[PDB]
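Novice: before I ask anything, here's the sequence and the deposited coordinates:
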Amino acid sequence: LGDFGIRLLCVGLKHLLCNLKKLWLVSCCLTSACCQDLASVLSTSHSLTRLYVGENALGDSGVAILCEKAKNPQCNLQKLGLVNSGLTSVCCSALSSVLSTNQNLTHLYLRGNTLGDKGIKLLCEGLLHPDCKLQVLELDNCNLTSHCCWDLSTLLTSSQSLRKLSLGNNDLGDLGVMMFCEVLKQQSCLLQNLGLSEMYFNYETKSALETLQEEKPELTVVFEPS
Amino acid sequence: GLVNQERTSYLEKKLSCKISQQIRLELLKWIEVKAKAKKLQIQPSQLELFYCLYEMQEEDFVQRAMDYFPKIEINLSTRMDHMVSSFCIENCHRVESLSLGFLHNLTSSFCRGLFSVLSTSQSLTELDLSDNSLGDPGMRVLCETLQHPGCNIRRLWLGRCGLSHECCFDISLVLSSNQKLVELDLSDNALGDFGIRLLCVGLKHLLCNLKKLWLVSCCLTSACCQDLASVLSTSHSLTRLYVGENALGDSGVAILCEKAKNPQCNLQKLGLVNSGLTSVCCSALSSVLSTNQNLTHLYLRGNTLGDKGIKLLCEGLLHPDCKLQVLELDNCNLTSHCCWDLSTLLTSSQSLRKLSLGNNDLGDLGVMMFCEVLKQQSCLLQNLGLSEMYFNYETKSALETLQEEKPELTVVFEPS
C-alpha cells in the first residue's frame, strides 16, 4: 500500500464517523511523501490513537511532517510506531517538540533507526520537559554509544513520566550502564524494564544490575542477555 | 612476525626502522577495530588476530593489542589453536569473558596448556565452556586448574558439555577450595542423582561461596533431593537453585521444602520448573512461602498443578510474612476455576510484584476478574502475563483499558 494507497486510505481516516483507533501501516512500502496525508489524519481524527508506520522509508523528512501535526496538543495520538524508519538525529528535534507539547503521547518506538548520541540529546530536551507524558520509550538498535549515557542517566531521574526505557542492541558500554545503576537507586520512577537486552557486559556490571534489582524490587527487571 | 624489536644483526636489520614503527601502529589499530567488532564475519575471527599476535611474540606489543579483547569468543580445532590462544590470553590483561568452542579434538590433556593459563588470569571472570565435547576426562583437567589460588573465575558455564557423575567429584574439589566462583551452570548434562550426591560434598563445604547453581535437565530424580535439601539448609551463600526439567516430582519437592522452609535458609530463587509437580506438593511449597522470608522468586511452569495447586499455594502466598515477589505459572495446567483464588492473591498479597500466568485455559470471564480487582490498588507492578492465552474482544479491550488507567501495571502482554 504505497504512498498512493495511503492517500486513498486517508480519505476514510479523515471522515466523520470513522472510529478507527489502531492502524498498522508497517512495511507498506511508504515514503515521506505519504506523511503529508497521515499528518492530516493525526490532526483531524478524533479516534486514531495508535499509529504504527515503521519498516518504511519515512526518513527524517517524513517524521518532521508527522510531527508538525502530532505536536498539536489536541492530537489524539498515543502510540507512535516510528520503528525501522531509517531516522537520524535530524528529526529528533521534531520528535522532541512532539514530546514536549503532545500530552497524549505515551509510547514512542524508535528501534531500528540510527539516532546515535546526538539523537538522544535532542530527544532528552523534550523528554525532560515538565509537560512530557511519555511512559514508554523504546531505543533498541538505535546505533547508540556510551556517549549518550550521561543524557539517558539524566532522563532516568529527571523525568517523572517515564516508566519504561527499552535500551537494547547497541554499544552502551559497561561504564555507561553503571551510571544508570547509581542514579536509578535515587528514587527513579522507572518502574518498568530498563532493557539492556542483547547487550553484553562484564561481571561487575552484571553484578551491579542484579544487586540493583534486589535493592530496588519495584524495578520490574533490567533483563540482560546472560 | 617481521615487525619486532627483539632481534639481532646479521641482515635482520635490512628492514626500515621507521617503517617498522609506523606499521606496528597500523597493525595495532587494525587489531583494535577487528577485536572490538565482535560480530560474525569473514574478517579475522578473534583467533586469527591471535595468530597474528602469536607470530609477533613481543610482550610490549601483544599485551597492548590484547587490551582490545574484553570478550574473547574462539573455536579450537587443532594444537596451534591452543598454543595461539594460550599465548594471547596469557598476555591479555583486560579479558573479562572467555568462550571456548572446542571442536573435533576433547576428553584429553590436549588442552591442559590452555586451562592452566585461564587459572592465572587476573582479569578473566566469566568462562563459558558450553555446547562442546568437554567430557569428564576434559573437565578433570579444568578442575585441576580452577583450584589455583589466583583463578579469579567467578562465573563458569558448563551446559551441554557431555558431563556425567564423574565430573562432580572434581567440581566438588573446586567448590571446596575456590572461593571466587559464584555461578556454576551444570545444566543439560547427565549428572544424575549420584553426581549430585558428590557435588553436594563441595556445596556443603565451608569456604564454598557458590551463589547460583543450575541443575536444569540433569537427569535427576527425587532421590537427589535429600542431598540438595541439606545444601539449602547449611549453605551460607547459595541463593539461586534451578532444578527444573528433572523428575523431582512431589516426593522430591517435599524433601527440598522440608529444609527450604527453614527461616534461616538463604534460598531466594527456586527454579522448580518442569519437575512434573502436582497439587500434592503445593502444600509443601505453601509452607516454604509462609516461613522462608528470603524466597523472592518461584518458577513453577511446566507442572500440572491445576486449581487445587493454586488454592494450596495461595494459603502460603496470602500469608502476612510471605515475601515472594515473582511467581511464574505458565503451563501449569490451570483452568478458570482458579481465578477466584488468583484474584484474591492479586489484591491481598502485599509482596507479590509479578505473576506470570501463561499458557493455560484461564478463560475470558476468569481474566476479567483480574481487571476488576487490579484496579483496587493492587501492588502487582510487574507483568500480569496471560501470554499465549487467547481471549475475546471484550477481555482484550478491558486489559488494554486497564493498562491505560493503571500505568504502573508494567504490561499485561496478550499474545495478539
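Specialist: Cool, got the structure. Numbers count the residues shown, from 1 in each chain, chains lettered A, B, ... in the order given.
Novice: all contacts plus neighbour counts: C-alpha atoms, from now on.
Specialist: Noted.
Novice: what helix or strand does the spatially most central residue of chain A sit in?
Specialist: By CA atoms, centre = their mean, chain A has its centre lying nearest to residue A:108, at 3.2 Å. Remark: residue A:108 resides in strand A:107-109, with elements defined by DSSP states H and E.
Novice: could you measure from the residue lying closest to residue A:12 once chain neighbours are set aside over to chain B?
Specialist: Distances taken as CA to CA, 6 or more residues apart in numbering or on different chains place residue A:18 nearest to residue A:12, at 6.9 Å, with adjacent residues excluded. Note on residue A:18: its distance to chain B, by CA to the nearest CA, to the nearest Å, is 18 Å.
Novice: residue A:147 now?
Specialist: Taken as CA to the nearest CA, the span from residue A:147 to chain B is 17 Å.
Novice: what parts of chain A come near chain B?
Specialist: With CA under 8 Å from any CA of the partner chain as the criterion, chain A meets chain B at residues A:163, A:191, A:192, A:202, A:203, A:218, A:220.
Novice: can you pull out the helices in chain A?
Specialist: A:3-13, A:35-44, A:60-70, A:92-101, A:116-127, A:149-158, A:174-184, A:203-215 (DSSP state H).
Novice: could you dump those to JSON lines with mean neighbour count?
Specialist: Below are the helices of chain A laid out as JSON lines (neighbours: other CA atoms under 10 Å in any protein chain shown):
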{"stretch": "helix A:3-13", "mean neighbour count": "16"}
{"stretch": "helix A:35-44", "mean neighbour count": "22"}
{"stretch": "helix A:60-70", "mean neighbour count": "22"}
{"stretch": "helix A:92-101", "mean neighbour count": "24"}
{"stretch": "helix A:116-127", "mean neighbour count": "22"}
{"stretch": "helix A:149-158", "mean neighbour count": "20"}
{"stretch": "helix A:174-184", "mean neighbour count": "18"}
{"stretch": "helix A:203-215", "mean neighbour count": "16"}
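Novice: for these, give me TSV that also has distance to residue A:25.
Specialist: Output for these, formatted as TSV (distance: least, CA to CA, whole Å):
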stretch	distance to residue A:25
helix A:3-13	9
helix A:35-44	10
helix A:60-70	14
helix A:92-101	19
helix A:116-127	24
helix A:149-158	30
helix A:174-184	34
helix A:203-215	37
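Novice: closest one to residue A:81 among the ones you listed?
Specialist: helix A:60-70 (11.0 Å; CA to CA).
Novice: what comes into contact with stretch A:180-199?
Specialist: A:149, A:152-153, A:156-157, A:160-172, A:208-209, A:212, A:216, A:218-225, B:381-382, B:408, B:410 (CA atoms under 8 Å, 6 or more residues apart in numbering or on different chains).
Novice: partner strands of the strand holding residue A:108, with direction?
Specialist: strand A:79-81 (parallel), strand A:136-139 (parallel) (DSSP bridges).
Novice: can you lay out these as CSV showing mean neighbour count?
Specialist: Shown next, in CSV, are the strands paired with strand A:107-109 (neighbours: other CA under 10 Å):
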stretch, mean neighbour count
strand A:79-81, 20
strand A:136-139, 22
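Novice: what sits closest to residue A:159 if chain neighbours are left out?
Specialist: Using CA to CA, 6+ apart, the closest residue to residue A:159 is residue A:128 (5.4 Å).
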